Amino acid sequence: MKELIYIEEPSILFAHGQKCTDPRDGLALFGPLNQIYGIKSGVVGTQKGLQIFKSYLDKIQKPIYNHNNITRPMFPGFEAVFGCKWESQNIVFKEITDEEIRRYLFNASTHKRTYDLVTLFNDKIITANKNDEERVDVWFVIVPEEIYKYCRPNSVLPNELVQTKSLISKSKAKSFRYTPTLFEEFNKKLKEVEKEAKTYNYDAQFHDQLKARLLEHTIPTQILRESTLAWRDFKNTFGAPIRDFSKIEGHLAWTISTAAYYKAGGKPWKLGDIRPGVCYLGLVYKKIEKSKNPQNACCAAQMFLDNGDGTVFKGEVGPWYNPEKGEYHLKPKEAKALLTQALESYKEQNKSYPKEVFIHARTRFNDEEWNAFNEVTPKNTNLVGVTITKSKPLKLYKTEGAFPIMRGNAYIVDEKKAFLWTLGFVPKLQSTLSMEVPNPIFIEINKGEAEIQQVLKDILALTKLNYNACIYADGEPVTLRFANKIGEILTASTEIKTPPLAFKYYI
């Protein structure tokens, strides 16, 4: 009968060198690892939205309580937690008139509807940021619910509200050349159609298409729905709130503030212990379903050092898909560039190449892409390749009572493959992390040679390092948690000329 080892719960650093398991406690006791002396908030939104922000912002200054503060740390309140003050009266407002939204929103197809609205926000944001003498740390996008409702793919605006009539079918628009007739007058209607067709190239989610559009100017932003900020107000006919945060209200405040904080530019925390020179490399693909070539897909790499701030590298769009196998793999030529892109960032970052590199994905690497790596890997560098999957085939049940096994147990199949319980029960929290019985993950070293048990520890640690969400741990290592989301942002915009950019530019 094979048996399970237990991996000691990892430890993240906080200011004052206190080391703690739980960021939420860790922040309150000791605060953020590095510190900044303000959050000059930029705000884009409607009149009513702006207040909701203010009303919320004020509230957070006070401490806030969840229902079970044992299973969820209570929120002392911004000033107390971060020291730095987030001031609702130190704001920059680029207003969006309701009469402007009224205009672009009531259009027949979402793509036109969504692109036009996204266009609107950026235009202020860029315009303000470029034009204004005064710097702002973070622009706060206050999303009316109507926009959220109807600016998502598959949103269907009722015909009886359509106020502008679409000029072309979704099918035909991607194949469109505006080319000039001899007669201009005709062209004026033709340019019109060219402008509409172009919107079908951009993705139809407001959140992704905006973040993506913004990458060029490197302006961080946080996107909060009006409903989220003042959830109590938006209610069903019954008068119940549509979304109820009453139980978790402090926890929400934990999330926003933290995420606000990092985007501000100070990383709250870092892993407590790491071997030096270790470089973690998140692989990301999104099949581009658009092109007449069925293998097209996008190529993304998300590097993580100890901090978990992250860095993102724009790989090249090509035939990385094999629909038969169903996985994604890389032609050698591309593989060479990414690492080159990646290590040359590391060297610039540290002035020396990392001793160790780990690459993460969910599909066993092919052999040919993999040796395209050795050909840019410097001789002194170990280069391991790790397949991580949320295999659904294995589950561990407890003989008595209703609580699962505690996170951190591990089944080591053999010296290259093992099972890790990122999910499960936490005693520190005296409750669990999923409602169903937890599902371990499967770690294999597909390519290269490295210790199994160290990498299980290596990976459990990457669970701790999610800034965007403030929580005890995430089930995936941070490398892949956001893999799709990043995928969706790259595919969202037309041209990936983007240089590698910091991770806070994607969330």
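Counting begins at 1, following the sequence as shown.
Just going by the entry, 125 to 133 versus 106 to 114 on mean CA temperature factor gives the higher value to 125 to 133. A summary of the deposited B-factors shows that, of 261 to 269 and 327 to 335, the stretch with the larger mean C-alpha value is 327 to 335.
Between the residues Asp208, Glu160, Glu344, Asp244, it is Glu344 that shows the highest Cα B-factor in the PDB record.
Within the group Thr97, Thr221, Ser155, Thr399, the record's highest C-alpha temperature factor is found at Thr399. In the PDB entry, a CA B factor belonging to the highest third of its chain's modelled residues is recorded for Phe238. The PDB entry assigns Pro144 a C-alpha temperature factor belonging to the lowest third of its chain's modelled residues. Per the PDB record, residue ranking by Cα B-factor puts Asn201 in the lowest third of the chain.
When the CA B factors of the chain's modelled residues are split into thirds, the value for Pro354 lands in the highest one. Among the modelled residues of its chain, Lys286 has a C-alpha B-factor that falls in the highest third according to the deposited record.
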